[PDB]
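Analysis of the macromolecular model
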Amino acid sequence: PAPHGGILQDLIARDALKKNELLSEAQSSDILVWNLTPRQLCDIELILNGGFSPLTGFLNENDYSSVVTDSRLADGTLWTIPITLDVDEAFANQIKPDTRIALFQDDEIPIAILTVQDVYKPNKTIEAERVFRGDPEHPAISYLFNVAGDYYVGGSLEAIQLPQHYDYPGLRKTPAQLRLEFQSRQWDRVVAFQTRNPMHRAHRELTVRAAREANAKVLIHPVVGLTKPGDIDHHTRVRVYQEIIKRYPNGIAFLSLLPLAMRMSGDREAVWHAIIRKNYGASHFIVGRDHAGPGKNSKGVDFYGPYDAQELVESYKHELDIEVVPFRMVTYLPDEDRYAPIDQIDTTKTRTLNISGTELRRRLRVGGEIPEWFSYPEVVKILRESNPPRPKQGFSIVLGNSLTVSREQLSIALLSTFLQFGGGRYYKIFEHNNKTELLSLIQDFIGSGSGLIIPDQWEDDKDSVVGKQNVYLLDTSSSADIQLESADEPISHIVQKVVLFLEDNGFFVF
Amino acid sequence: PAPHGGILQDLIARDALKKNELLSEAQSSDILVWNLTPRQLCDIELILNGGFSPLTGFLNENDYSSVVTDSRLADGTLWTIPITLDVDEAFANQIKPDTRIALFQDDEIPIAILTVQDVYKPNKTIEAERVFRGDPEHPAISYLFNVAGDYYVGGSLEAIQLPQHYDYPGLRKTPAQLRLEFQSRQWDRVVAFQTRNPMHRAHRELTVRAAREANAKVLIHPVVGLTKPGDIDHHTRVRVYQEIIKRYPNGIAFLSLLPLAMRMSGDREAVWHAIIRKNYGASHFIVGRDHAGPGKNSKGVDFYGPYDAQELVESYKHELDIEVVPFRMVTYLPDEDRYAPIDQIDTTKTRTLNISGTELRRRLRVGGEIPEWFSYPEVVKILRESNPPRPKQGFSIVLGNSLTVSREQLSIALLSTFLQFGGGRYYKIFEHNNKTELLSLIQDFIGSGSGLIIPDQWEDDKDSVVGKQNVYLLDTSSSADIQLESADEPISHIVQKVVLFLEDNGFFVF
Amino acid sequence: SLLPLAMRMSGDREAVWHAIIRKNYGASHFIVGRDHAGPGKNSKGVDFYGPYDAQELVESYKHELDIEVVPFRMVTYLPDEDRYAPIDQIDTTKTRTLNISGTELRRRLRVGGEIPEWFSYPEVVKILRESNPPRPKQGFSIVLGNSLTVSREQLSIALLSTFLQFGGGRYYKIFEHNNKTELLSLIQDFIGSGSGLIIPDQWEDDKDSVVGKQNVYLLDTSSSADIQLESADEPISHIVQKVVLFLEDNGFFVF
Ligand SMILES: Nc1ncnc2c1ncn2[C@@H]1O[C@H](COP(=O)(O)OS(=O)(=O)O)[C@@H](O)[C@H]1O
Ligand SMILES: Nc1ncnc2c1ncn2[C@@H]1O[C@H](COP(=O)(O)OS(=O)(=O)O)[C@@H](O)[C@H]1O
Ligand SMILES: Nc1ncnc2c1ncn2[C@@H]1O[C@H](COP(=O)(O)OS(=O)(=O)O)[C@@H](O)[C@H]1O
Ligand SMILES: [Ca+2]
Ligand SMILES: [Ca+2]
Ligand SMILES: [Ca+2]
Ligand SMILES: [Ca+2]
Ligand SMILES: [Ca+2]
Ligand SMILES: [Ca+2]
Ligand SMILES: [Ca+2]
Ligand SMILES: [Ca+2]
Ligand SMILES: [Mg+2]
Ligand SMILES: [Mg+2]
Ligand code: NA
Ligand code: NA
Ligand code: NA
Ligand code: NA
Ligand code: NA
Ligand code: NA
Ligand code: NA
Ligand code: NA
Ligand code: NA
Ligand code: NA
Ligand code: NA
Ligand code: NA
Ligand code: NA
Ligand code: NA
Ligand code: NA
Ligand code: NA
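Residues numbered from 1 in each chain as written, not as in the entry; some residues may be left out. Chains lettered and ligands numbered in written order. Part of a larger assembly, values for the part shown. Heavy atoms only, no water.

This entry, as listed in the PDB, derives from X-ray crystallography and reports a resolution of 2.60 Å.

Chain C has the name SULFATE ADENYLYLTRANSFERASE in the PDB entry, where Saccharomyces cerevisiae is given as its organism. For this entry, the PDB record gives the title as "ATP SULFURYLASE FROM S. CEREVISIAE: THE BINARY PRODUCT COMPLEX WITH APS".

Applicable threshold: UniProt positions are given in the numbering used here, feature names are shortened, and annotations may be inferred rather than shown by experiment.
You'll find chain A entered in the PDB entry as SULFATE ADENYLYLTRANSFERASE, with Saccharomyces cerevisiae given as the organism. Listed in UniProt under the heading Pathway, the comment for chain A reads: "Sulfur metabolism; hydrogen sulfide biosynthesis; sulfite from sulfate: step 1/3." What the UniProt record of chain A gives under Sequence similarities is the line "Belongs to the sulfate adenylyltransferase family."

So this is what it looks like as structure tokens:
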């Protein structure tokens, strides 16, 4: 179908004859420079390559308010997710309309020249409730208030180059490239599959089922820009993707990476994804259960209903200009060893089986077996390798403030005790002395599978520098992960307590 | 047998009722304090527990000299390895005879009180020549010159407690404790086996043969104090010993760890080992090929003849009062599927097979297979876990000073590329900013199996702070491990050279 | 010993006959189990004979048969006791039983599914799998219906090349019968050999009886087509995908 709004706004093509000139302006001594954030990098690439057509820059207050309240750009164009350049007061104060700012990547690579239209201070609570449904634990809201600048800068963009990427040079196709790919294959019907998670048997079946339903070739279009915090990394996922694409009949599927930054915005996001897939050359788009939804909040309640996205998308059906292929929960059928949409079964008579993501993380954490029917063996292998079970995981034991015993001796005892277990883990007594340079390496070691014995705590102001993953507190306090009986509990007694705790939590298996 | 010299100088027992008194003195504001070095802790434990009987302290110039030139203490007692307290000029200068110095561990645990007899500056050249045969590459000589203090302090000791060890609490039997272990079992003939390496089929076979010829029970007595630089860590070796002990007929062997600090002084060390094992209650001591030998130097010449230790020990036979059970090279006979001393075969009509330590390291380095005939599987598994193959090993790539491409960009490019491969390894771009607190962490990461991308070299005066294992230089210079064609070579070109270099060396396997 | 008898699958009457035959062959006893010599159920799901009619008929001629009949009620498997036993000696609840019907077995054999160690002997299952191979090892034919308007020569070639890219040891051929019986009769031979036949056009109805319909599928616009076309001129690439996914849905292809 035609790109949204009718014209693929591929600004790299458009501005090809201005590259040299633009390149020089960005590197000039007098121009104002803004280093793009990782989310702004994902967005600008989608803007510059035509993926966000009809967009040609970051939204000004007028288009943004319309998107916020109407799910449309000022001119009525259907657009549900606001794409804005968020900066701080300090930088904002340095600009006015007509100003030309140069946008860089890593303070080295010039990306584009932005021509300012306006500078405004959005009300984040309206944006938070209107676009994302207001729940503070929502990834998009949490980001909006804790990471995004308080000032947005609207303006038109002029391309210099798409953001740099060194992984998968050939796989990140632009809308124009993907289109030639389909074309060279004479693919006039293509159903796209959005995904930010690894694909399992269920996913493979619903995509093939969609291919057969729509008489279309299959496009696996995974997101490799930002997704939901805690997701399985994109490198591990590409490997899972490149592995599962081989379980499709030869010549039916095509894999392409999408550097999009999701907002995990359920129904609104699905609408957005469809627009994006149409721009990329798909004629059909899949929207399954809880599409782009972030699950449930700490209180156990749904951010979106399991089929809100399908409903919202269904309502814009006639103006989307891309065919939506909906699916109800596809589940496994033990008694028939096959997969099928829950809306075509049940009513009792047939038993169904499902393994939730929570159940999988857990199987991966304990080293438990994962059913041959659930996923493909080689996919499970790739997942176990990058998300190793507890006995292969790193961890840190932090000697609390309350300790009265010898910190030097308690550390040595823990180090020697741990070293006698063996099993390939590397241990170290780690002194951070409250230095950020050091504090920030803690999670690197844990990520490497190492066990760190930490002699004393870091001051509270520094706490934010350290991830708390697999970091455990030894102390007399009630908030200690490993609770001491007394501040001066003898060393041997403490070592046993720590050893058995680490074993109870699977770090040690004898 | 009776302890060497007639009396088991068990100073922990001798001074039991002086413990509280010696502790008080040791903690007085007035007393001069010296913090024991690691080798000294090894030596002090053997002196304090009677393993070094008749020694009751560190040698005075008189005994030291005798030993160096005469392989005997001044009173004639056979003794081949000098055991001295080496300190620096600053400390030595505060010492005066008849003074009482407190010897501590980790600057906190009081170990003993030393009553000084003299302070002297030994001629380290004579000691290296007479005791260790003069080759500067000999571990004992390298230690003597680069680590040991330049001043010796002779004096008698009063025990407060043996050095602290939190690993293997019940396995470090003191001479008095082992002697009790033997008695409780009615063992009156015990042949001891010394070792600082993992044990394989050959070792099991020779120890059993020794048991049979001598009609004695078996004492596996491995060294867990200092051994040769580059040996398999003692924690790993202990697991190996604990596994192999199970391959002996039930009730024939006993395992006891020896906190000895070897000097790798072949023949002289052999005699010393005999005296030590006699002190620990053994009636027989095995002396195999190149006993306590460090092998060959740079030019490929031998530090000792493969049977010098046997010859020396034989020449002191009537003095030792412990029966030496000698063994010629024990090897494998493929065609008969059994091990045997080489002196009782060959005839150039019998095929023999052997795998040198070098061949083994290598098989472990590449993840090669190890013959079930060479070693027991459980033993090999333990060895691979602690010394894993290249695809599971860590490494660092250092962007050389010569490089004129963007260090920031080359770094990210290498990171993104490695991440594409997956396989578990954790990667980090590591900036040391020439701070040793950071530089000293590089080998911990390599030790943790991680891959480090270091954007620039550290000062030449910091090299010592950084290990050399799996650290590669990316540069235009001849000294580069991965040589660039020019300092401005394009990033993608550099990335390929690096990736293929690591593959060639096994870190990556596709 | 092998018996070259031609059964009539005549339940109770047949059992009587079998007994007479076994007595003639020298047996002193003859077994008559559940649904002995019965042909199961008809298309309407109803029994041709009752599960124990044969036992009953045989019991009634007991005194003149002059051969001892050893009857058996349904012998089934006991999970909880890992043993087999006549259903008349168990149940009443208390003990759970397991059985795999012939229908269930044919199906396990057709999909390549596993068959319980307790059900049959491994070496017996092996022999059965080898002669009744699962779908990915089975032959089949795709017949280009009369209604097709696209190029039959081109549609056939496209299917042949598509199938050939999957591999897995199957042999394919464009097969022209030109309505000849000599040819039409070889169709099931190829299928029996595991081959995939692309058939350019249908054979006239009078000849249909010459061809077994086993694994023979019809591509056409009709409602009676196994693989139903959207239109008579649906483009080739679209048709190929439809046929490929159908063959996969039915297990002939497994990726
Ligand atoms: N079991 C399932 N049944 C139906 N749809 C599913 C199922 N699992 C995933 N999907 C769909 O697969 C697509 C991508 O799935 P995910 O990667 O888990 O999440 S999402 O954020 O990209 O939507 C979505 O359209 C989603 O609704
Ligand atoms: N293959 C062998 N044949 C004979 N003796 C051996 C053999 N291997 C090792 N030994 C002996 O086993 C004892 C300990 O071996 P190692 O741990 O390798 O080295 S040592 O430094 O303690 O001597 C020594 O007596 C040594 O000479
Ligand atoms: N599970 C069973 N329980 C009792 N009898 C059985 C069972 N299975 C087969 N039989 C008996 O085994 C004999 C031959 O079985 P089949 O080969 O299946 O069929 S038959 O046509 O020759 O009778 C018959 O006497 C039949 O009733
Ligand atoms: Ca703010
Ligand atoms: Ca719900
Ligand atoms: Ca207390
Ligand atoms: Ca010196
Ligand atoms: Ca030699
Ligand atoms: Ca150049
Ligand atoms: Ca019935
Ligand atoms: Ca038509
Ligand atoms: Mg890019
Ligand atoms: Mg000790
Ligand atoms: Na259109
Ligand atoms: Na920089
Ligand atoms: Na709803
Ligand atoms: Na339209
Ligand atoms: Na349609
Ligand atoms: Na618990
Ligand atoms: Na200290
Ligand atoms: Na000399
Ligand atoms: Na003897
Ligand atoms: Na010699
Ligand atoms: Na004696
Ligand atoms: Na090579
Ligand atoms: Na009946
Ligand atoms: Na009769
Ligand atoms: Na009878
Ligand atoms: Na079906």
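1. Some points on the overall build of chain A
Formally: The way it works is that DSSP assigns letters per residue, a run of H or I at least four long becomes a helix, a run of E at least two long becomes a strand, and they are numbered from the N terminus. Radius of gyration means the value over C-alpha atoms here, while the globule rule gives 2.2 Å times the residue count to the 0.38 power. Only protein chains enter the area calculation, which uses a 1.4 Å probe; residues under 20% of their type maximum are buried, those over 50% are exposed, and those in between are partly exposed. Residues count as neighbours in contact if any of their non-hydrogen atoms are within 4.5 Å of one another. Where accessible areas are quoted, they stem from the Shrake-Rupley method and a 1.4 Å probe; at the residue level, only the protein chains shown are allowed to cover. Only four residue types enter the tally: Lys and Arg on the positive side, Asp and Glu on the negative side, with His and both chain ends excluded. Where a charge lies is defined by one atom per residue type: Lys uses NZ, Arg uses CZ, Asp uses CG and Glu uses CD.
Counting secondary structure elements, chain A contains 19 helices and 18 strands. Since a compact globule built from 510 residues should have a radius of gyration of about 24 Å, the 26 Å found for chain A is in line with a globular shape. Within chain A, buried positions represent 56% of all 510 residues. Long-range pairs, those at least 24 residues apart, make up 72% of the contacts in chain A between residues at least 6 apart in sequence. Carbon together with sulfur atoms contributes 47% to the accessible area of chain A, which is approximately 21300 Å² in total. In chain A, 54 positive and 69 negative side-chain charges are present, and the distance between their average locations comes to 7 Å.

2. Topic: the sheet that holds strand β16 (residues 451–454) of chain A
Residue and element names in this part refer to chain A. Just so we agree on the cut-off: Two strands qualify as a pair provided that DSSP identifies no fewer than 2 bridges between them.
With parallel pairing, five strands are arranged side by side in an open sheet as β15-β16-β14-β17-β18. The outermost strands of the open sheet, each flanked by one partner alone, are β15 (427–429) and β18 (482–483). Sheet topology note: the strand β14 (residues 395–399)/strand β17 (residues 471–475) ladder contains four bridges and is parallel. If you follow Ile397 over to β17, its bridge partner there is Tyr472.

3. Notes on the coordination of the magnesium ion (ligand 12)
Angles at a metal have ideal values that depend on geometry: 109.5 degrees with four tetrahedral donors, 90 or 180 degrees with six octahedral donors. All names here are of chain A. Definition in use: Coordinating N, O and S atoms are those within 2.8 Å of the metal (3.2 Å for Na, K and Ca), and as water is not part of the atoms, a site may appear to have fewer donors than expected.
Here the magnesium ion (ligand 12) is held by the protein donor atoms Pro163 (O) and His165 (ND1), which lie 1.9 to 2.2 Å from it. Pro163 sits in the buried class, given a relative accessible area of 7%. The partly exposed category is assigned to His165, whose relative accessible area is 28%.

4. Description of the site of ligand 1
All names here are of chain A. Counted only if it meets this: Any residue with at least one heavy atom within 4 Å of a molecule or strand is counted as near it. Polar contact criterion, stated in full: a pair of N or O atoms within 3.5 Å, where within protein one must be able to donate a hydrogen and the other to accept it, and residues adjacent in sequence count only if both atoms are side-chain atoms. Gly counts as polar in this scheme, as do all residues outside two lists: the nonpolar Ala, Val, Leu, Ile, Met, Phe, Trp, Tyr, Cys and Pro, and the charged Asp, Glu, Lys and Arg.
In the region of ligand 1, 17 residues are neighbours, and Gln194, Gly288, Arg289, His291 and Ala292 sit closest. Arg196 places a side-chain nitrogen or oxygen 2.9 Å from an oxygen atom of ligand 1. A distance of 2.9 Å is found between a nitrogen atom of ligand 1 and a backbone nitrogen or oxygen belonging to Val330. Within the complex, the protein chains bury 90% of what would otherwise be the 540 Å² of accessible surface of ligand 1. Per element, the largest residue contribution to the shell around ligand 1 is three residues, and it comes from strand β7 (residues 190–195). In terms of residue class, the shell around ligand 1 is made up of eight nonpolar, six polar and three charged.

5. A few points about the relation of the copies chain B and chain A
Selection criterion: The atoms used to superpose the copies are the C-alpha atoms, and the fit is by least squares.
Superposition of chain B onto chain A requires a rotation of 179 degrees combined with a translation of 0.2 Å along the rotation axis, giving an RMSD of 0.3 Å. Expressed as an axis order, the relation between the two copies is that of a two-fold axis. Rotation axis and chain B: the residue whose C-alpha lies nearest the axis is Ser448(B), separated from it by 3.0 Å. Counting the interface residues of chain B, we find that 97% of their copies in chain A are interface residues as well, pointing to one common contact surface.

6. Overview of the pairing of strand β4 (residues 100–105) of chain B
Residues and elements named next belong to chain B. For β4, the tally of buried residues reaches five of six residues, placing the bulk of the element in the interior. Alignment of strand β1 (residues 32–35) against β4, held across four bridges, turns out to be parallel. In the sheet register, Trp34 faces β4, and the bridge partner there is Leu103. The hairpin formed by β4 and strand β5 (residues 109–120) contains three residues between the paired strands, and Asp106 there has a positive phi angle of roughly 50 degrees.

7. Comments concerning the sheet that holds strand β18 (residues 482–483) of chain B
Residues and elements named next belong to chain B. Inclusion rule: Comment: axis = line fitted to C-alpha atoms, over the contacting stretch for helices; angle = value between 0 and 180 degrees taken between N-to-C directions.
Taken in spatial order, the five strands line up as β15-β16-β14-β17-β18 in an open sheet, and their pairing is parallel. On the outer flanks of this sheet lie β15 (427–429) and β18, each paired with one strand and no other. With four bridges connecting them, strand β14 (residues 395–399) and strand β16 (residues 451–454) associate as parallel partners. Considered in β16, the bridge of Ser396 is made with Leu452. On the sheet, helix α16 (residues 407–421) packs against β14, β15, β16 and β17 (471–475) and is oriented at approximately 175 degrees with respect to β15.

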